[PDB]
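Notes follow once the structure below has been shown.
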Amino acid sequence: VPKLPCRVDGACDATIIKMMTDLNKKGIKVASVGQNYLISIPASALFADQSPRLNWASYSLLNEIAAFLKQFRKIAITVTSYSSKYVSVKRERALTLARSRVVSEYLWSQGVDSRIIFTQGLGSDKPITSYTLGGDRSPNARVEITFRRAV
Amino acid sequence: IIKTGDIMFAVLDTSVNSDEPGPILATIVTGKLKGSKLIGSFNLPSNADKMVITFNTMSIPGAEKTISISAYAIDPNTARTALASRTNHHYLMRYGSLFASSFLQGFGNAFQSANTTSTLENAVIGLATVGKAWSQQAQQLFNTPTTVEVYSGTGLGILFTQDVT
Amino acid sequence: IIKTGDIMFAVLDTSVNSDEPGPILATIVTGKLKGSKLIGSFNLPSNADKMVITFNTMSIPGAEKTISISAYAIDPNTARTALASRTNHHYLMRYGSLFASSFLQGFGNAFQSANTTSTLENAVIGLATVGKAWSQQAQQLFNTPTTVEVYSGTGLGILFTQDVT
Amino acid sequence: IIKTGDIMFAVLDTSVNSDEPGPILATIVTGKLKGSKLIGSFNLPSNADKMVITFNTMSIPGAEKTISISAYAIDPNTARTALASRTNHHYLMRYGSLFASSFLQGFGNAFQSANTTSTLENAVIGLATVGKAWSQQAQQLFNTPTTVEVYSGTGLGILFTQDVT
Amino acid sequence: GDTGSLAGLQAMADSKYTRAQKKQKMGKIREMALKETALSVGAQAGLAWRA
Amino acid sequence: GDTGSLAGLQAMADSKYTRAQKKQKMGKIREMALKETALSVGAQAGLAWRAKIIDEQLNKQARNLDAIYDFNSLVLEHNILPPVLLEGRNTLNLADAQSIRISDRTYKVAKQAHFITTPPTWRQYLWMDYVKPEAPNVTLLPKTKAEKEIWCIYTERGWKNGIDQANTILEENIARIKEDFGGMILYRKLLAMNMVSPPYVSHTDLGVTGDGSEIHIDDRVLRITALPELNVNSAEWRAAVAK
Amino acid sequence: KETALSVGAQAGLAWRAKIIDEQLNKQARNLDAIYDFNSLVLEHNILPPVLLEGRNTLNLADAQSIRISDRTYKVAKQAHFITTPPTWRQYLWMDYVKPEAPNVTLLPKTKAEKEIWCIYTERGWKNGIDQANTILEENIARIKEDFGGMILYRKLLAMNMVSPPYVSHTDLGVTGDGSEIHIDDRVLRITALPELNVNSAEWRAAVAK
Amino acid sequence: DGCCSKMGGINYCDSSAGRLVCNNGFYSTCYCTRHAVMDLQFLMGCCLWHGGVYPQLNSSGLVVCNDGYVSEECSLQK
């Protein structure tokens, strides 16, 4: 015991499950199927009205995301951005690209213990709900972060 | 080949007192040597605080052989060389004999002396006159030691002294 | 290669009293030598303030070798030669026996003397006459040493005397 | 190369009473010779005003060589030869035993003598008769000297006697 | 005892097993030859009767 | 202590800690031997118990064992045990300075093909040996609760070590049988590939024979001569394809 | 007395060694990102040799003995084969042990003894720290020297003043008997040990902008 | 203490993964054996990155690694 670590450093399964429950009841979607994990966040609670900029209060949420991401031993990370149809295709794709870039940059700045990070956006080309009444409040406008836990 | 200073077990069947030398035999019942037997004799220490056995003549079956390994015995469940016997054999005997002889002497002399200041005289007679010879004989015999005697059904453990081929 | 007079540690298992010489065996527990056994005997000092063991026959198993390193035991955590035993075993017995024999002598003679200045005379009889033989036998036996006994579950520290290879 | 009769310091780790000579060891901690040990014995003086240690067999590592430069010990930081220990071990015991035995003799004899001019008679009995044997045994054992004993946790100073290399 | 070895050793840490074997070694060394003697006599008698 | 070792030595300057050391000096001298006994007994007991358990578990799966290592389904037409082949890929050796030797593939014959009487079985290989030991002999016994506890924990350590040792032995055996089976199947594949020469067996026959007291009706002798071996000639080697 | 000095020195040395080791481990990526060796490693997995340069050489031997030159170049170690490129741990990561055996030989009883014990502890601690720093400096100097030699060899070969090693490979088909075979034998040998040319006619210079 | 705390509870260990499995089908953070993927960045011992401590006994404080280099740091020096 005083010669080898009994567990991954700073890892607590009780903490993991508790924060998972807290995030899910907060409203950010979290799914763990098999050895692959996916997390979804609505656009409005993170960005401005179709604007590549960050609301200040969202930094606490980003900190919580980083705290959750610290625990797992991860190799590759993927972040994708999606939005609604506003002006064109190019404009929306550029907006998603910028959002992915900024979120990836901040995550890498934070202590993410991964080796590879991929970032991309796809505008409004992959709708997930027929109900598109609202604008940025629509669920389809979102950001996804996915990976597979290894060993 | 027997390791220098190892321990085996055997069984003692022939009982005898620690009074006269005699052949005492045990039979090895464990280890490599099976069916082998061992003849030896005993000794007497200065006091009755223990009793140990010297075993020298080992006879092993199979071939016509007779080895002369010398070893001693240690009491199982004791881890001591003492032998299961009794040591209070002849204490009270000589104690009472000597004390009674002295008491006779005293009674005779004192009740003869206290006459100035028939059966009483006869008691004086017996006690006084039979005190002396009995007392000196008791003093002569007082040096008899207390003996010990081995039992006829007690096992034994044996540590070895010199090796064999 | 053993240093000139170095310190090792062993464990002793078989016990005996300081009364009768015999083979005693122990085993080294640590250091370079492992599994080594050691046979020897004891010695008796004039003063019972210490007790040590003569250990000479060192046999290390594996290879058929028997070096002649003679060593002793030093009491653990005392760095001294005092042994785990008692020293007041046979003072009170002889003191009381001698004093009581003397008291009997005195009682008989004094209560005979005080007659000028039946059962009382009988008390005179018994004490006066049985005090004397008891007193002389007590003087005879007064020199019995207060023996000590080693214990059967104590380890030991060993200081070596000669070098080996 | 060492001067003829120079100074050195050593650390003493083991103790013993001045009762039984035996092997003893110390460690030189400073000077050119580092990690070296020194084994020897002690002496018994007629007077208890000092106590010294004989240290000759020097075991120095580096090479398995054993020089035998003989040396003694002095009181650390005192530049004196006496031993830091106790010397009043067995004065009072023998004094009291002797005086008590004498008092018993005197009490019995004098209280018997003054009878002309039963419990008191019994006291006379006991004192007069048990005083003598106690007195003679106490005179026999009165010649016991008071011992000295070093301690196992004090450093020592060593003066050289012969040169070595 | 020796089956659930961990529990058996935890128990044998105490000296109750020592005091138990103290008396049992007496019989274990005492009764040995009786077995062989009984075996021999039974073998002889049974062989003769069966024959 | 040695963490703020300056402060540790400053605290140790006071002699009450030396007084505390005066009593615990005993354990370093006397108690340091009980651990070996505890380790030994724990190792023995754990090894034996694990061996029994693994033997029972292995027996639980009898059918699959032969079902997979059916050697009898690999014997040749004259009751011949096929030989064993070993293959290495991307061989490289650095002999010394200015000396490199490389090759792509290499092959070695490990066990030459010989005759057989009955096909081998896994029980020869993977049957762990079990004998129950029932002789717990202890010389020194703990007398204080502390040394009792350390005896218990060291016993647990020995238990763990015995379990690990048994697992290691099983791993070695299973590796060995894997090696043998892989060699045989590789030999079959290579012989199909036409890189080795199939073994050759001849025979001789004698009719009725013997004296007027001992007779045999027919006496036939079978001897193999061409031990299988690689064919260094390469042009005739045949490759394969899939879909 | 001197025991306090010894124990303070040992403890301080060990403590400083642990501190410096953890500090070194704190920065990993920068370290090897700096001291890459594969980039220098040539095409045949051969470690380039080591070159040392000195300038303005003047030597006096005795009364009337003066020798003077501009530059001198020395070949330190010849190029040799290598499977995996080296690293920096073996050059900088110093060993470490935990001294856990302070023996109670000389223990302070007098208050002045305790005071001098404290001061000797302090000075031994400082001395051990200094020794550890010297050890680190030595390691850094050695590794820097080796790397600089590598760089100098690269620059000289670029300037075309040394002969790049010439390597011969002999290729053979299948080998061995019908029991042991190697499909495609190949032997790699290096013969032309790199060395500096002695004729300046071939020397070509460069000029920045 | 509790590897599967706030979960279903400890079931057993997958040795091949070298990891424990809770009742809920999630790998716990704990470990089973040395034959598992740890992360090692610091370690003890001396004569590292060398031939290791030479088994021979040097009476002096010097200790030499089997490659021939001498490490005063592992050695003791006056």
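Just so we're on the same page: first chain in the structure tokens is A, next is B, and so on; residues restart at 1 for each chain, and ligands are numbered from 1 in the order they show up.
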- [ ] Considering only C-alpha atoms, return as a VMD selection string whatever protein or nucleic-acid residues lie within 10 Å of residue 112 of chain B, sequence-local ones (same chain, fewer than 2 positions apart) excluded.
- [x] chain B and resid 106 to 110 114 to 116 120 to 121 123 to 125 128
Keeping only N, CA, C and O atoms, write those residues as a compact mmCIF listing (two decimals), in the first residue's frame.
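Written output follows (again-v7.txt):
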```
# COMPACT_ATOMS: atom_id res chain seq x y z
N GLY B 106 15.23 -37.87 74.96
CA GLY B 106 14.83 -36.75 75.79
C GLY B 106 13.89 -37.16 76.89
O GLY B 106 14.04 -36.74 78.04
N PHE B 107 12.89 -37.99 76.57
CA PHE B 107 11.91 -38.36 77.58
C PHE B 107 12.57 -39.13 78.70
O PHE B 107 12.39 -38.80 79.88
N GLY B 108 13.39 -40.12 78.34
CA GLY B 108 14.08 -40.87 79.37
C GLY B 108 14.93 -39.99 80.25
O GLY B 108 14.78 -39.98 81.48
N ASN B 109 15.82 -39.18 79.65
CA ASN B 109 16.74 -38.41 80.47
C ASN B 109 16.02 -37.38 81.32
O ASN B 109 16.34 -37.22 82.51
N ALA B 110 15.04 -36.67 80.76
CA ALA B 110 14.40 -35.60 81.51
C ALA B 110 13.53 -36.14 82.63
O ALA B 110 13.55 -35.61 83.75
N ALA B 114 14.09 -35.35 86.60
CA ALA B 114 13.07 -34.64 87.37
C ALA B 114 12.49 -35.48 88.50
O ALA B 114 11.43 -35.13 89.03
N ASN B 115 13.15 -36.57 88.89
CA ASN B 115 12.61 -37.42 89.94
C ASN B 115 12.74 -36.79 91.32
O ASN B 115 11.81 -36.92 92.14
N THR B 116 13.85 -36.11 91.61
CA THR B 116 14.06 -35.59 92.96
C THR B 116 13.12 -34.44 93.27
O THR B 116 12.53 -34.39 94.36
N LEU B 120 6.00 -44.99 85.57
CA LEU B 120 6.71 -43.81 85.10
C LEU B 120 8.19 -44.10 84.95
O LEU B 120 8.81 -43.73 83.94
N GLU B 121 8.78 -44.77 85.94
CA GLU B 121 10.18 -45.14 85.85
C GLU B 121 10.43 -46.07 84.67
O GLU B 121 11.45 -45.97 84.00
N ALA B 123 8.71 -46.16 81.85
CA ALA B 123 8.70 -45.31 80.66
C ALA B 123 10.03 -44.59 80.49
O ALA B 123 10.58 -44.55 79.38
N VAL B 124 10.55 -44.03 81.58
CA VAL B 124 11.88 -43.42 81.56
C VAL B 124 12.90 -44.42 81.02
O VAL B 124 13.71 -44.11 80.14
N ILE B 125 12.85 -45.64 81.56
CA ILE B 125 13.74 -46.71 81.16
C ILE B 125 13.72 -46.90 79.65
O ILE B 125 14.74 -46.77 78.96
N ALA B 128 14.73 -43.60 77.47
CA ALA B 128 16.13 -43.25 77.59
C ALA B 128 17.03 -44.27 76.93
O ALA B 128 17.88 -43.91 76.11
```
Open item on the list: Give me, as an NGL selection string, the residues of chain C that a backbone DSSP run labels helix (DSSP H, G or I).
Closed with: :C and (92-113 or 119-141)
TODO: Would you list the contacts of residue 165 of chain B as a list in words, taking every protein, DNA or RNA residue within 12 Å and counting only C-alpha atoms, but skipping same-chain residues closer than 3 positions in sequence?
DONE: residues 1, 2, 3, 4, 67, 68, 69 and 162 of chain B
Just to be explicit: take each residue in the selection above, keep C-alpha atoms, and write the result as a PDB file, in the first residue's frame.
```pdb
ATOM      1  CA  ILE B   1      23.206 -39.927   6.920  1.00  0.00           C
ATOM      2  CA  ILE B   2      21.858 -38.324  10.100  1.00  0.00           C
ATOM      3  CA  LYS B   3      21.965 -34.550  10.490  1.00  0.00           C
ATOM      4  CA  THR B   4      24.272 -33.249  13.212  1.00  0.00           C
ATOM      5  CA  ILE B  67      25.971 -49.311  15.127  1.00  0.00           C
ATOM      6  CA  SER B  68      27.068 -47.469  18.268  1.00  0.00           C
ATOM      7  CA  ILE B  69      25.484 -44.012  18.009  1.00  0.00           C
ATOM      8  CA  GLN B 162      27.290 -37.729  16.351  1.00  0.00           C
TER       9      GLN B 162
END
```
Open item on the list: Give me the residues near residue 99 of chain F as a PyMOL selection string, where near means some atom within 8 Å (using only C-alpha atoms) and where sequence neighbours in that chain fewer than 6 positions away do not count.
Closed with: chain G and resi 187-190
Could those residues be written to a file, using C-alpha atoms, as a short mmCIF file (atom, residue, chain, number, x, y, z; two decimals), in the first residue's frame?
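Now in selection25.cif:
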```
data_model
loop_
_atom_site.label_atom_id
_atom_site.label_comp_id
_atom_site.auth_asym_id
_atom_site.auth_seq_id
_atom_site.Cartn_x
_atom_site.Cartn_y
_atom_site.Cartn_z
CA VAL G 187 23.86 -7.59 -43.17
CA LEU G 188 24.54 -3.93 -42.43
CA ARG G 189 28.10 -2.75 -41.85
CA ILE G 190 29.62 0.71 -41.51
#
```
TODO: Compile the residues of chain B that lie within 7 Å of chain E, evaluated using only C-alpha atoms, and express the compilation as a list in words.
DONE: residues 77, 154 and 155 of chain B
Hey, could you make a per-residue contact list for chain H against chain F with 12 Å as the cut-off, showing the nearest pair of atoms and its distance in Å to one decimal, counting only C-alpha atoms, sorted by chain and number, as a Markdown table?
```
| residue | atom | partner | partner_atom | distance |
| --- | --- | --- | --- | --- |
| H:15 | CA | F:167 | CA | 10.9 |
| H:32 | CA | F:164 | CA | 11.6 |
| H:33 | CA | F:164 | CA | 9.4 |
| H:34 | CA | F:164 | CA | 10.8 |
| H:35 | CA | F:164 | CA | 11.3 |
```
TODO: Hey, list the chain A side of the contact with chain H: 12 Å cut-off, only C-alpha atoms, answer as a PyMOL selection string.
DONE: chain A and resi 1+3-19+21+32-36+71-73+149-151
Mind dumping a table of every chain H residue within 9 Å of chain D, with the nearest atom pair and its distance in Å to one decimal, using only C-alpha atoms, sorted by chain and rising number, as a tab-separated table?
```
residue	atom	partner	partner_atom	distance
H:58	CA	D:62	CA	7.9
H:59	CA	D:62	CA	5.0
H:60	CA	D:62	CA	6.7
```
Please save N, CA and C atoms of the selected residues as a PDB file, in the first residue's frame.
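Saved result, selection.pdb, follows:
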```pdb
ATOM      1  N   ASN H  58      31.612  -2.969  -0.601  1.00  0.00           N
ATOM      2  CA  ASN H  58      32.697  -2.013  -0.438  1.00  0.00           C
ATOM      3  C   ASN H  58      32.737  -1.562   1.014  1.00  0.00           C
ATOM      4  N   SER H  59      33.867  -1.813   1.676  1.00  0.00           N
ATOM      5  CA  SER H  59      34.005  -1.428   3.074  1.00  0.00           C
ATOM      6  C   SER H  59      33.913   0.083   3.240  1.00  0.00           C
ATOM      7  N   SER H  60      34.494   0.833   2.310  1.00  0.00           N
ATOM      8  CA  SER H  60      34.380   2.281   2.325  1.00  0.00           C
ATOM      9  C   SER H  60      32.961   2.690   1.940  1.00  0.00           C
TER      10      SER H  60
END
```
Task: 10 Å contact set for residue 41 of chain H, only C-alpha atoms, chain neighbours under 5 positions out, as a PyMOL selection string - done: chain G and resi 22+25-26
With C-alpha atoms kept, could you save the residues just selected as a tab-separated table (two decimals), in the first residue's frame?
```tsv
chain	number	residue	atom	x	y	z
G	22	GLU	CA	10.37	16.72	-8.21
G	25	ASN	CA	9.78	16.13	-13.16
G	26	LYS	CA	7.47	19.16	-13.04
```
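Within the 7 Å cut-off around residue 8 of chain H, using only C-alpha atoms and omitting residues fewer than 2 positions from it on the same chain, the listed residues are residues 4, 22, 23 and 24 of chain H.
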Atoms to include: C-alpha atoms. Write the selected residues as a PDB file, in the first residue's frame.
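Below is the file that was written, selection.pdb:
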```pdb
ATOM      1  CA  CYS H   4     -17.501   0.751  -4.917  1.00  0.00           C
ATOM      2  CA  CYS H  22     -19.032  -2.817  -9.011  1.00  0.00           C
ATOM      3  CA  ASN H  23     -22.578  -4.175  -9.027  1.00  0.00           C
ATOM      4  CA  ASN H  24     -23.456  -1.334 -11.349  1.00  0.00           C
TER       5      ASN H  24
END
```
Open item on the list: Residues near residue 200 of chain F, anyone? I mean within 9 Å using only C-alpha atoms, not counting same-chain ones fewer than 2 positions away, as a PyMOL selection string.
Closed with: chain F and resi 197-198+202+223-228
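Any residue of chain F with an atom within 12 Å of chain D counts; using only C-alpha atoms, that gives residues 18, 19 and 22 of chain F.
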Write out as a tab-separated table a residue-level contact list of chain D versus chain G with cut-off 9 Å: for each qualifying residue the closest pair of atoms and the distance in Å to one decimal, counting only C-alpha atoms, rows sorted by chain and residue number upward.
```
residue	atom	partner	partner_atom	distance
D:11	CA	G:105	CA	7.1
D:12	CA	G:105	CA	8.7
D:13	CA	G:105	CA	8.4
D:29	CA	G:3	CA	8.8
D:30	CA	G:2	CA	8.2
D:153	CA	G:105	CA	7.9
D:154	CA	G:106	CA	8.5
D:155	CA	G:106	CA	7.9
```
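Counting from atom CA of residue 88 of chain D, the distance to atom CA of residue 48 of chain D is 9.3 Å.
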